[PDB]
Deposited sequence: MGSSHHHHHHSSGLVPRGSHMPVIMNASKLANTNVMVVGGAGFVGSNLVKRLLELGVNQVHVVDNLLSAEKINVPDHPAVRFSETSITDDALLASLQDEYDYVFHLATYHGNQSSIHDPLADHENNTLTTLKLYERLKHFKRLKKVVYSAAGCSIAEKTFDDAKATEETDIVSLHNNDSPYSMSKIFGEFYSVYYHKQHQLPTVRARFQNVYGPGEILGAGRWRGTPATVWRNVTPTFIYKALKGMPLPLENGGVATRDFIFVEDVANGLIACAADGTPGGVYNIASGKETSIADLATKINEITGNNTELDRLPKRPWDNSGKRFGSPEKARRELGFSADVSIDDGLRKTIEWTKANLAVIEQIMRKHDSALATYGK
């Protein structure tokens, strides 16, 4: 049913970003009529927005009142991917997080509530689906903002029939995640965004991979192209008011991540890994991909090896530009 999006008008809030740019690429592949990207480039690079006849780019916050007022009821689908990137940035400035991570969703939904052409509004939430949450689980304002967007998604559906679908995912990696993308957001994580691109960049430079705690921790990585397809499946076939895990169902240890990256890149430097013991990942739960498979026919099948090969090829091909982007934060990094 991904062809349901053929010849439709789509908005992608946060569409200049990592997941967003990949979603935009896939929408254009599927033959959408128009993509309206709304993105303030707070954590993104304009090089991730194509200069394409189906792509309209509004370089403005989705909280901007004038922008919101200017929106017309001409969208079939909306993908809400904006966030304040990410955990560490949000701890550093909870008010910057609120503006770009909680208020975004509320103001977007308040404008959309009277749009009648809307078939689905897909919200990227953070990471068997249950709708019970703990007040204690939340390590950052980012994590609270993500949860709050689910509260809003449920409310706008119940009260106003906004056809929301919540897509939960975690540990996305792949082409288009640029270290240093966007503005300085307070901490070194602006540069070193996530473990996979940090390790790829370091391995391409022939640097030893800074492996923490022997790399015993595991993550369910998911390739960004699979996430894009999962978000599309939610739009086309997800139940309004509903939620879906968009997940690989496969765990990789950080040590094995490092090893694969080193092997593919030919980075012949040491790795300080340790054997996993029963106490190392004992509490850990990963999201089941079963609901999305059963109800949407969606399966995230790109293997970690194939995904890493693609990501590494893209990173190598763009290494100079990535480095120019990272370097803009040299001063802020030095004084942190």
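Asker: Which ranges of the deposited chain go unmodelled, in order along the sequence?
Answerer: 1 to 25, 153 to 166, 376 to 377 are the stretches of the deposited chain that have no C-alpha coordinates in the structure.
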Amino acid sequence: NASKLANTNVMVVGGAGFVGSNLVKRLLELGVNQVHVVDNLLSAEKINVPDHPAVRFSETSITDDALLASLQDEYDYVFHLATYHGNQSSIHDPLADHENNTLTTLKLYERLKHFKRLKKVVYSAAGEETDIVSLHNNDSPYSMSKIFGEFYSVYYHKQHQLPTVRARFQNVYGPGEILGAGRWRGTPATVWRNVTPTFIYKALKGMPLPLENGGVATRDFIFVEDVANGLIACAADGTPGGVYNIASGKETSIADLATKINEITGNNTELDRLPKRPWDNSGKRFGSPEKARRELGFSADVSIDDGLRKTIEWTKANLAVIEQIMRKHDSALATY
From here on, numbers count along this sequence of modelled residues.
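Asker: Given that the flanking residues are present, does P289 go without coordinates in at least a third of the other entries of this protein?
Answerer: Across the compared entries, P289 is modelled every time.
Asker: Quick one: higher average CA temperature factor, 169 to 177 or 83 to 91?
Answerer: Per the deposited B-factors, the answer is 169 to 177.
Asker: State which stretch shows the higher mean Cα B factor in the entry: 207 to 215 or 224 to 232.
Answerer: Stretch with the higher mean C-alpha B-factor: 207 to 215.
Asker: Between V38, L41, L296, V35, which one tops the list for C-alpha B-factor in the PDB entry?
Answerer: In this record, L296 carries the highest C-alpha B-factor of the candidates.
Asker: Place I261 in the lowest, middle or highest third of its chain's C-alpha B-factors, as listed in the PDB entry.
Answerer: Within its chain, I261 is a middle-third residue by C-alpha B-factor, going by the deposited values.
Asker: By the record's CA B-factor, is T130 among the lowest, middle or highest third of residues in the chain?
Answerer: Top third by C-alpha B-factor.
Asker: Considering only modelled residues of the same chain, in which third does the CA B-factor of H114 rank: lowest, middle or highest?
Answerer: Highest third - that is where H114 ends up once the chain's C-alpha B-factors are sorted.
Asker: By its CA B factor, does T252 count among the lowest, middle or highest third of the modelled residues in the chain?
Answerer: Highest third, going by the recorded CA B-factors of the chain.
Asker: Hey, what third does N137 fall into on Cα B-factor, ranked over its chain?
Answerer: CA B-factor rank for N137: highest third.
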